[PDB]
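What follows is a single chain, given as structure tokens, in the form deposited in one PDB entry.
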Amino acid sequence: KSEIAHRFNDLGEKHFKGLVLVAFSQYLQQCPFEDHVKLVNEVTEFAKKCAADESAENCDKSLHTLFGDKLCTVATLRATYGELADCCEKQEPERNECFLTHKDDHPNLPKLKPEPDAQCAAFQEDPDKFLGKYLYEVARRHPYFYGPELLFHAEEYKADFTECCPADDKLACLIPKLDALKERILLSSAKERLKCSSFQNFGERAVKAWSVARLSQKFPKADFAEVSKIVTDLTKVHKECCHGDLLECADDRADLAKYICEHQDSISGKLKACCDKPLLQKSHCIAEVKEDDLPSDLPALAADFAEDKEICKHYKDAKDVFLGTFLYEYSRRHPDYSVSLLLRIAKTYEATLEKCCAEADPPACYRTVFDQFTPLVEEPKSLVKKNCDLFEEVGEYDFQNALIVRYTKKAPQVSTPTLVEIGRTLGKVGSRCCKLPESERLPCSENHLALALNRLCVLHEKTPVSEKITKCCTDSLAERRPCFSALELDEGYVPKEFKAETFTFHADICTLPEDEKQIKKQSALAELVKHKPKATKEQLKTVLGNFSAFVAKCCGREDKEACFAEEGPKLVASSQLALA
């Protein structure tokens, strides 16, 4: 009826305003905070005026016409987003499509730094404005963040400041919390970007297959009917969020959380905890829920999926069902596999049937089908064991450095900040996954690599530089990791010209936190590879150890700058000799 009334009634003023603030920040990432808050109140007012009189003018326009109209009222649009004004000429959905495409995955804004005194200050004098700002800062940095999940984090962030602002020593309560939360924002953001990237680049059918694999591992006791239903509904939730439809996305999400809690007995014993919780906790808890124990009545699969003579007839009849069922069954018994491994096994199952059923004796052919999955399984298992050995041997920083070398060799045309960001994210896959019980390491590692590879692809979408990267990013979602693992030193590379200043250090580096010192060195390392692509990881490890030693020394000196100045250029030249 009035779609905007309806959502307002369903969501209530607070959340309504929340999600409307996020939406606007993510669509207009540059606008001062004040204008968004203003645009938000205006829509909220119209919403209220509509809830009271659904028959009133323009109350029956769709949401996107309404928000699209509000965004296009914003002043200096053509100075702030010269590229956006254009979308404003268009109708809907054309208009929305246009804003979407214009979203910025790397607006490269200032780092959100916890200034606890000035933040506790700002919080006390106005809690609503302080939290609203938080949503804006985060939304505009992560224009595809899972809308409703941000309202959830903003609660945590509120609890953070509520506990630490009266607390004794302020920063030491608050700074480990805000760092922890930031880590969760970044992972959360990555998980969602992969979902939306999957919608954009591979379509729903791919998003559903992913979801079937995953939800079956999590809910191995639910039947297939029940899995299909949730996947159907969840896909619709994320489709909407990814399309910028946040109010509908949230409303649909609450519906699904309620469905799931009505049925937790047919779904999972692990939901109990989640279901006893308030709305936003509940959804978050369901979203992040752990895998239930395997039922003791899992069916052998030989019979229907390898022995049956009718398989061909069954498969031809309705492929997507028979295959979905296969995927449901294989995944439910394999929480020890990664989602992409499962999706790879499903394409091989499928590929094997396409093949065998075309042959004169399909049953003699498809009978060994499960034995084709073996190589699929051991390849990633050994790749994880290998990288976990290396990691436990050399620790995060060196593991990252090995990854930054590996990736700069694979894609030397990518900018150093990106190679560094990625190599660093990749290395944190080790820290996270390698310490886990052994059978969890494969799924952790690959599911996490998916997130980081997709981040590389996303950046690469805005700034394309390498064809090998394009190919891996666009070929097959399921083959993405194996496609990247397979790249080697790009042989067509032309060593970047040497530029002394790049590798020249100064005293300023001395008062950066460790975290930031590393990035400085790690950038130099990428630069070392670009200029000398053929040097082995071992030569680079040694040369960088020298650079590290030189920095420690000079920063420790009475005269830091004469140290850097006298020692640097010598180390700069001799180090090229070691990279021959």
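For every residue, the number given is its place in the sequence shown, counted from 1.
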property	result
Given 98-106 and 117-125, the range whose Cα B-factors average higher in the PDB entry	117-125
Mean temperature factor over C-alpha atoms, higher-scoring stretch between 189-197 and 299-307	299-307
Deposited CA B-factor, highest of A411, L426, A364, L459	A364
Residue with maximal Cα B-factor (values as given in the PDB entry) among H142, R205, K316, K468	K316
Third of the chain, ranked by Cα B-factor, where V529 sits	lowest
Ranked C-alpha temperature factor of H263 among modelled chain residues, by third	middle
Among modelled residues of the same chain, the CA temperature factor third for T76	highest
CA B-factor placement of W210, once the chain's modelled residues are sorted into thirds	lowest
Cα B factor band for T374 (lowest, middle or highest third within the chain)	middle
